[PDB]
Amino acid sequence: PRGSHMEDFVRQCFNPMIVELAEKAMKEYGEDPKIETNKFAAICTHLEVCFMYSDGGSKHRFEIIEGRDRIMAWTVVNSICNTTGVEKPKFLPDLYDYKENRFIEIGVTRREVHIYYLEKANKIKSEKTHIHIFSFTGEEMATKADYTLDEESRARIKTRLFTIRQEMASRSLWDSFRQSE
């Protein structure tokens, strides 16, 4: 298969630490970034979005669950649950908001904004965990219209998503990413 050249953009566009974290996360599940480059980009973007989400809070407002070893990412959730008495989610979340004591599941969708929620709410029947979806076009959708974060932080988020979209369109690989889900 040799190289991919889209992974080159993925490496030149994202934080080196984010790239390494996404690479190790994909390799954990028997997937190759060198071939699944659209994946690679999707997991890198999800990682970055979760990171700006955690940064847009206060100081201890968010416990980051995504970007960890599966065993440790579960250990921290078990600790959170035995701490706050919150029922453990059936599926591993993304963040945990201490301020409002809820597991936030960050969704970075590619198709319609409604479809990602229609899938995520159906996946985790645990109605306690919160669900928040961002869009590449610049839209969003949260659970019970409770968007948790501010508005300028979320706006900076969607700005970053549209910047990544424009960068992908510059090198003419945008439809290849939109048609890979």
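In this text, residue numbers run from 1 along the sequence as written.
Please compare 125 to 133 with 66 to 74 and say which has the higher mean C-alpha temperature factor in the record. On average, C-alpha B-factors are higher across 125 to 133.
**Prompt:** According to the deposited model, is the average Cα temperature factor higher in 53 to 61 or in 116 to 124?
**Reply:** Of 116 to 124 and 53 to 61, the stretch with the higher C-alpha B-factor average is 116 to 124.
For this session: Could you say whether, by C-alpha temperature factor, residue 85 belongs to the lowest, middle or highest third of its chain?
Result: Residue 85: CA B-factor falls in the highest third of its chain.
What third of its chain, lowest, middle or highest, does the C-alpha temperature factor of residue 143 fall into? It belongs to the highest third of the chain when residues are ordered by C-alpha B-factor.
Just say lowest, middle or highest third for the CA B-factor of residue 48 relative to the other modelled residues in its chain.
For residue 48, whose C-alpha B-factor we compare with every modelled residue in the chain, the answer is the lowest third.
### Query
Would the CA B-factor of residue 173 place it in the lowest, middle or highest third of its chain?
Highest third - that is where residue 173 ends up once the chain's C-alpha B-factors are sorted.
> Relative to the other modelled residues in the chain, which third contains the C-alpha temperature factor of residue 8: lowest, middle or highest?
Replying inline: It belongs to the middle third of the chain when residues are ordered by C-alpha B-factor.
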